[PDB]
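*Asks:* One structure follows; several queries about it will come next.
Positions of Cβ are backbone-derived with ideal geometry, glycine not excepted, and every protein chain shown enters the neighbour counts. FYI, it's all coordinate maths here, none of it is from the lab.
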Amino acid sequence: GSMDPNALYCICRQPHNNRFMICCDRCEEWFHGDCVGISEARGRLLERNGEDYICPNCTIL
Ligand SMILES: [Zn+2]
Ligand SMILES: [Zn+2]
């Protein structure tokens, strides 16, 4: 549910207190723009338009 500071979600399993991160509605988790490929400018755009982003892990799973 609510993302925590000392939690893990991304495939690499790292804290969100490092680099940019994105929220996936598919699995309802968090990921890294670098790991998924999304750019800081791209992820920020989907947040403004309100487009439910889907990590590359779910799209192929
Ligand atoms: Zn990662
Ligand atoms: Zn996902």
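*Asks:* Across region 48-57, what is the total count of residues that are within 13 Å of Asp25 (Cβ to Cβ) and either loosely packed, with under 12 Cβ neighbours inside 10 Å or of a type in the set (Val, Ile, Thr) (or both)?
*Replies:* Selection size over region 48-57: 4.
*Asks:* Do we find that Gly1 is in contact with a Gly (Cβ under 6 Å, 6 or more places away or on another chain) and either exposed (fewer than 14 other Cβ atoms within 10 Å of the Cβ) or assigned to a helix (DSSP H, G or I) (or both) in this structure? Quick ask: steps written out before the conclusion?
*Replies:* Numbers: in contact with a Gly (Cβ under 6 Å, 6 or more places away or on another chain): no; either exposed (fewer than 14 other Cβ atoms within 10 Å of the Cβ) or assigned to a helix (DSSP H, G or I) (or both): yes.
Answer is no for this residue.
*Asks:* Ok, one more. State which residue is nearest to ligand 2 (Cβ to nearest atom) when the search covers only region 40-56 and only residues that are without any contact (Cβ under 8 Å) to a residue 24 or more places away in the chain and within 18 Å of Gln14 (Cα to Cα).
*Replies:* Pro56
*Asks:* From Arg19, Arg13, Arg26, grab the single residue that is out of contact with any strand residue (DSSP E or B) (no Cβ under 9 Å at 6 or more places or on another chain), in a loop (DSSP other than H, G, I, E, B) and within 15 Å of ligand 1 (Cβ to nearest atom). Quick ask: steps written out before the conclusion?
*Replies:* Details: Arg19 fails: out of contact with any strand residue (DSSP E or B) (no Cβ under 9 Å at 6 or more places or on another chain); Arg26 fails: within 15 Å of ligand 1 (Cβ to nearest atom).
From the options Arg19, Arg13, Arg26, the qualifying one is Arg13.
*Asks:* Is one or more of the residues making up region 46-58 under 11 Å from the mean Cα position of the chain (by Cα) and not in a loop (DSSP other than H, G, I, E, B)?
*Replies:* The answer is no; no qualifying residue exists.
*Asks:* Same structure again: Please pick out the residue among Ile60, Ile38 that is on the phi < 0 side of the Ramachandran plot, β-branched (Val, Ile, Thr) and either in contact with a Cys (Cβ under 7 Å, 6 or more places away or on another chain) or surrounded by 13 or more Cβ atoms within 10 Å (Cβ to Cβ) (or both).
*Replies:* On the way: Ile60 fails: either in contact with a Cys (Cβ under 7 Å, 6 or more places away or on another chain) or surrounded by 13 or more Cβ atoms within 10 Å (Cβ to Cβ) (or both).
Only one candidate passes the filter, namely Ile38.
*Asks:* Cβ contacts < 6 Å: first residue under 20 Å from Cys58 (Cα atoms), restricted to region 14-31; second residue more than 16 Å from ligand 2 (Cβ to nearest atom) and not polar (S, T, N, Q), any location; separation 6+ or different chain. Result?
*Replies:* Correct list of pairs: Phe20/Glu40.
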